[PDB]
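Participant: Before I ask anything, let me first share the structure, which is written out below as structure tokens.
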Amino acid sequence: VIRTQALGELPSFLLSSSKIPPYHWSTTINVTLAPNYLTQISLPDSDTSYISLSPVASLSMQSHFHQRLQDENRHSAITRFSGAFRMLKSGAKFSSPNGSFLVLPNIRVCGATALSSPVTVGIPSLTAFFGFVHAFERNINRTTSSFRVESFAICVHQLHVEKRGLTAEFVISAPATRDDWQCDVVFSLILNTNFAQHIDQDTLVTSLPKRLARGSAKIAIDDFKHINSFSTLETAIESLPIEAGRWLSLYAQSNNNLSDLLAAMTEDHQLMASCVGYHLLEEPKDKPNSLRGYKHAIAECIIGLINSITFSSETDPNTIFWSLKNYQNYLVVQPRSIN
RNA sequence: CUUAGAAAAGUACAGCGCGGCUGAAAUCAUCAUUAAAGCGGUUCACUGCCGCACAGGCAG
């Protein structure tokens with residue numbers, strides 16, 4: 001059982017339980033980990049260490065979303081569990097308008113969960129994106145201990161989210177059914193690394209992770225020759241073979257209330273909202289059964305707003321490169337243009 | 001180092017019957033395109049013969 005509320009305050013352009021009155025329940029923390037099936041992940045809390053945390057959905061926000069989202073069919077998505085919880089649909093559709101820069105163009109993931117946050121559906125969570133990037137870092141570190149990626153940028157080419165279902169394995173018969181959205185986003189990403197020299201492509205593609213947000217991210221064989229390292233992103237951007245796509249940025253304007261959220265959504269119905277970071281409800285503490293013996297802390301997902309940026313002249317890369325700032329009260333990946 | 005680790009929604013199907021858009025019309029008077037202009041072989045493919053040839057063949 002968890003009852004503790006938010007410990008700390010968040011910036012105005014990030015959403016958490018602190019911005020809304022949480023007295024919609026149905027302060028002690030005492031949970032089990034060894035036999036429980038709750039989720040558990042690891043993120044870097046420092047340049048040389050990681051932090052384990054188990055993001056748990058806050059029923060306050062889910063209710064605050066179910067109550068408001070009715071009569072908003074244009075931006076409402078419904079799901080039945082085992083019970084009907086409506087969430088925030090992402091617009092209507094997806095249109096298609098240092099040195100040593102490394103590219104992995106045209107990465108397609110098939111069957112990636114779109115229920116990033118418990119109160120929205122759409123593009124997969126940027127937390128999962130950063131986890132995939134860091135898994136790539138770990139895989140490439142075994143063959144080269146001096147390889148670090150300072151920051152990355154994500155370009156989306158094709159986005160498609162529709163209702164599907166997971167056929168649970170038999171445990172006799174199959175357990176209670178579950179309905180969750182899935183996505184097949186086609187995306188390309190840029191990497192800023194400190195290697196500062198060329199690396200052989202065979203090990204680079206051998207170390208490329210496949211899993212991405214419970215999906216299968218694989219790159220076409222004929223695009224292997226396009227995996228090359230360039231010293232300048234200005235010429236790197238002119239190089240990838242896809243002339244269509246969008247760049248992801250953060251919405252710095254205020255989104256304090258869900259009414260203001262829907263007001264912001266209705267001017268363009270093109271921006272998307274998904275999980276961007278985690279707000280810890282408990283300070284990092286060690287428990288006997290962690291993911292890898294690191295400090296564990298029950299956290300809560302934060303919903304942000306992803307902007308659309310068309311790269312061109314007079315477009316600073318500082319507005320499109322994301323990284324994990326590792327704040328003491330929350331762990332989130334945001335673009336480095338915000339001070 | 002990804003609400004991490006895993007997952008087959010699939011089997012059948014006849015939309016069918018019938019139909020009058022019809023009545024009437026004036027597009028309509030007038031009009032100045034005007035002025036001004038080098039496209040240039042220096043030699044180069046000539047002169048004889050035959051044949052009746054506005055025919056067709058010879059040589060230097």
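Ordering of the structure tokens sets the chain letters (A, B, ...); residue numbers start at 1 within each chain; ligands are numbered from 1 in the order shown.
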Which residues are close to residue 38 (chain A), i.e. within 10 Å by only C-alpha atoms (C1' of nucleotides), leaving aside same-chain residues fewer than 5 positions away? Reply as a count of residues only.
Facilitator: 6
Participant: Quick one: DSSP alpha helix (DSSP H) residues in region 143-315 of chain A, as a VMD selection string?
Facilitator: chain A and resid 201 to 206 233 to 237 258 to 268
Participant: For a quick test of understanding: name the residues of chain A lying within 9 Å of chain B when counting only C-alpha atoms (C1' of nucleotides), and present them as a count of residues only.
Facilitator: 41
Participant: Which residues, written as a list in words, have at least one atom at most 7 Å from region 68-81 of chain A, with only C-alpha atoms (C1' of nucleotides) counted and residues fewer than 3 positions away on the same chain left out?
Facilitator: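 Surrounding residues, per the criterion: residues 64, 65, 84, 85, 86, 87, 88, 89, 90, 91, 178, 179 and 180 of chain A.
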Participant: If you keep N, CA and C atoms, can you produce a file of those selected residues as a short mmCIF file (atom, residue, chain, number, x, y, z; two decimals), in the first residue's frame?
Facilitator:
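Result written to part.cif:
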data_model
loop_
_atom_site.label_atom_id
_atom_site.label_comp_id
_atom_site.auth_asym_id
_atom_site.auth_seq_id
_atom_site.Cartn_x
_atom_site.Cartn_y
_atom_site.Cartn_z
N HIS A 64 -9.08 12.52 -12.72
CA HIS A 64 -9.10 13.89 -13.23
C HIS A 64 -9.19 13.91 -14.75
N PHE A 65 -8.83 12.81 -15.40
CA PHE A 65 -8.84 12.71 -16.86
C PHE A 65 -10.14 12.08 -17.35
N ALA A 84 -14.05 1.02 -17.77
CA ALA A 84 -13.82 1.86 -18.94
C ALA A 84 -13.13 3.14 -18.50
N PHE A 85 -11.87 3.30 -18.89
CA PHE A 85 -11.06 4.47 -18.53
C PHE A 85 -10.74 5.22 -19.82
N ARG A 86 -11.29 6.41 -19.97
CA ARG A 86 -10.97 7.26 -21.10
C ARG A 86 -9.71 8.07 -20.83
N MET A 87 -8.94 8.31 -21.88
CA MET A 87 -7.68 9.03 -21.77
C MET A 87 -7.63 10.11 -22.85
N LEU A 88 -6.42 10.60 -23.13
CA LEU A 88 -6.22 11.71 -24.07
C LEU A 88 -5.64 11.20 -25.38
N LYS A 89 -6.45 11.24 -26.44
CA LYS A 89 -5.97 10.89 -27.76
C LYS A 89 -5.08 12.02 -28.28
N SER A 90 -4.11 11.67 -29.13
CA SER A 90 -3.11 12.62 -29.60
C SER A 90 -3.57 13.20 -30.93
N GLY A 91 -4.40 14.24 -30.86
CA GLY A 91 -4.86 14.94 -32.04
C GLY A 91 -5.85 14.14 -32.87
N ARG A 178 -6.75 -8.32 -21.52
CA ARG A 178 -6.37 -6.92 -21.35
C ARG A 178 -6.33 -6.25 -22.72
N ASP A 179 -6.81 -5.01 -22.78
CA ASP A 179 -6.85 -4.24 -24.01
C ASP A 179 -5.91 -3.05 -23.87
N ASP A 180 -4.97 -2.93 -24.81
CA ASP A 180 -4.02 -1.83 -24.79
C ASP A 180 -3.68 -1.45 -26.23
#
Participant: What are the closest atom pairs, with distances in Å to one decimal, for all residues of region 97-174 of chain A lying within 7 Å of region 216-219 of chain A? Consider only C-alpha atoms, order rows by chain and residue number, and present the result as a tab-separated table.
Facilitator:
residue	atom	partner	partner_atom	distance
A:106	CA	A:219	CA	6.5
A:107	CA	A:219	CA	5.1
A:108	CA	A:217	CA	5.3
A:109	CA	A:217	CA	3.8
A:110	CA	A:216	CA	5.3
A:111	CA	A:216	CA	6.9
Participant: Would you list the contacts of residue 49 (chain B) as a VMD selection string, taking every protein, DNA or RNA residue within 12 Å and counting only C-alpha atoms (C1' of nucleotides), but skipping same-chain residues closer than 2 positions in sequence?
Facilitator: chain B and resid 47 51 57 to 60
Participant: Based on the selection just made, write N, CA and C atoms (P, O5', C5', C4', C3', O3' and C1' of nucleotides) of those residues as a PDB file, in the first residue's frame.
Facilitator:
ATOM      1  P     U B  47      35.404  28.392-117.985  1.00  0.00           P
ATOM      2  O5'   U B  47      36.358  27.531-118.925  1.00  0.00           O
ATOM      3  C5'   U B  47      37.570  28.074-119.428  1.00  0.00           C
ATOM      4  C4'   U B  47      38.397  27.019-120.115  1.00  0.00           C
ATOM      5  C3'   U B  47      37.660  26.197-121.149  1.00  0.00           C
ATOM      6  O3'   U B  47      37.462  26.875-122.376  1.00  0.00           O
ATOM      7  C1'   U B  47      39.003  24.779-119.815  1.00  0.00           C
ATOM      8  P     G B  51      30.954  12.708-132.149  1.00  0.00           P
ATOM      9  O5'   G B  51      29.562  12.511-131.405  1.00  0.00           O
ATOM     10  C5'   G B  51      29.040  11.214-131.162  1.00  0.00           C
ATOM     11  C4'   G B  51      27.810  11.278-130.295  1.00  0.00           C
ATOM     12  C3'   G B  51      26.754  12.277-130.739  1.00  0.00           C
ATOM     13  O3'   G B  51      25.930  11.825-131.801  1.00  0.00           O
ATOM     14  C1'   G B  51      27.164  12.580-128.451  1.00  0.00           C
ATOM     15  P     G B  57      26.048  10.284-116.323  1.00  0.00           P
ATOM     16  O5'   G B  57      27.070   9.412-117.173  1.00  0.00           O
ATOM     17  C5'   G B  57      28.396   9.860-117.378  1.00  0.00           C
ATOM     18  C4'   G B  57      29.061   9.102-118.495  1.00  0.00           C
ATOM     19  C3'   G B  57      30.561   9.340-118.638  1.00  0.00           C
ATOM     20  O3'   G B  57      31.332   8.414-117.894  1.00  0.00           O
ATOM     21  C1'   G B  57      29.499   9.874-120.666  1.00  0.00           C
ATOM     22  P     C B  58      32.656   8.913-117.142  1.00  0.00           P
ATOM     23  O5'   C B  58      33.738   8.969-118.307  1.00  0.00           O
ATOM     24  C5'   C B  58      34.884   9.792-118.194  1.00  0.00           C
ATOM     25  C4'   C B  58      35.637   9.861-119.497  1.00  0.00           C
ATOM     26  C3'   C B  58      36.848  10.789-119.493  1.00  0.00           C
ATOM     27  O3'   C B  58      38.057  10.116-119.203  1.00  0.00           O
ATOM     28  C1'   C B  58      35.353  11.453-121.206  1.00  0.00           C
ATOM     29  P     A B  59      38.444   9.818-117.674  1.00  0.00           P
ATOM     30  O5'   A B  59      40.033   9.848-117.658  1.00  0.00           O
ATOM     31  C5'   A B  59      40.713  11.058-117.358  1.00  0.00           C
ATOM     32  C4'   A B  59      40.957  11.889-118.591  1.00  0.00           C
ATOM     33  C3'   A B  59      41.805  13.127-118.375  1.00  0.00           C
ATOM     34  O3'   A B  59      43.187  12.827-118.389  1.00  0.00           O
ATOM     35  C1'   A B  59      39.908  13.639-119.731  1.00  0.00           C
ATOM     36  P     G B  60      44.035  13.001-117.040  1.00  0.00           P
ATOM     37  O5'   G B  60      44.407  14.547-117.046  1.00  0.00           O
ATOM     38  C5'   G B  60      45.426  15.018-117.912  1.00  0.00           C
ATOM     39  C4'   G B  60      45.490  16.521-117.952  1.00  0.00           C
ATOM     40  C3'   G B  60      45.606  17.228-116.608  1.00  0.00           C
ATOM     41  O3'   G B  60      46.948  17.347-116.172  1.00  0.00           O
ATOM     42  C1'   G B  60      43.866  18.214-117.874  1.00  0.00           C
TER      43        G B  60
END
Participant: State, in Å with one decimal place, the distance from CA of residue 303 (chain A) to CA of residue 247 (chain A).
Facilitator: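 Computing it gives 18.4 Å between the two atoms.
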Participant: Name all residues at most 10 Å from residue 325 (chain A) (count only C-alpha atoms (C1' of nucleotides); drop same-chain ones fewer than 5 positions away) and give them as a list in words.
Facilitator: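 That gives residues 44, 45, 46, 330, 331, 332, 333, 334, 335 and 336 of chain A.
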Participant: Please produce an output containing N, CA and C atoms for each residue in the selection, written as a compact mmCIF listing (two decimals), in the first residue's frame.
Facilitator:
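Contents of the output file out.txt:
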# COMPACT_ATOMS: atom_id res chain seq x y z
N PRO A 44 19.99 6.11 -15.11
CA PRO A 44 21.21 6.63 -14.48
C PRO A 44 20.91 7.81 -13.56
N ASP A 45 21.20 7.64 -12.28
CA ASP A 45 21.12 8.74 -11.32
C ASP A 45 22.42 9.52 -11.22
N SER A 46 23.47 9.06 -11.88
CA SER A 46 24.76 9.73 -11.84
C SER A 46 25.54 9.32 -13.08
N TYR A 330 13.38 14.75 -9.37
CA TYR A 330 12.74 14.02 -10.46
C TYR A 330 13.78 13.70 -11.53
N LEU A 331 13.53 12.62 -12.26
CA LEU A 331 14.41 12.16 -13.33
C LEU A 331 13.62 12.25 -14.63
N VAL A 332 14.01 13.18 -15.50
CA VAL A 332 13.30 13.42 -16.75
C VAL A 332 14.29 13.75 -17.85
N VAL A 333 13.90 13.44 -19.09
CA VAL A 333 14.70 13.79 -20.25
C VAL A 333 13.97 14.94 -20.94
N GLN A 334 14.67 16.05 -21.11
CA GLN A 334 14.12 17.25 -21.72
C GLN A 334 15.16 17.85 -22.65
N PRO A 335 14.74 18.65 -23.63
CA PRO A 335 15.72 19.41 -24.42
C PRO A 335 16.53 20.39 -23.58
N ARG A 336 17.82 20.46 -23.89
CA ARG A 336 18.83 21.25 -23.19
C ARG A 336 18.73 22.76 -23.42
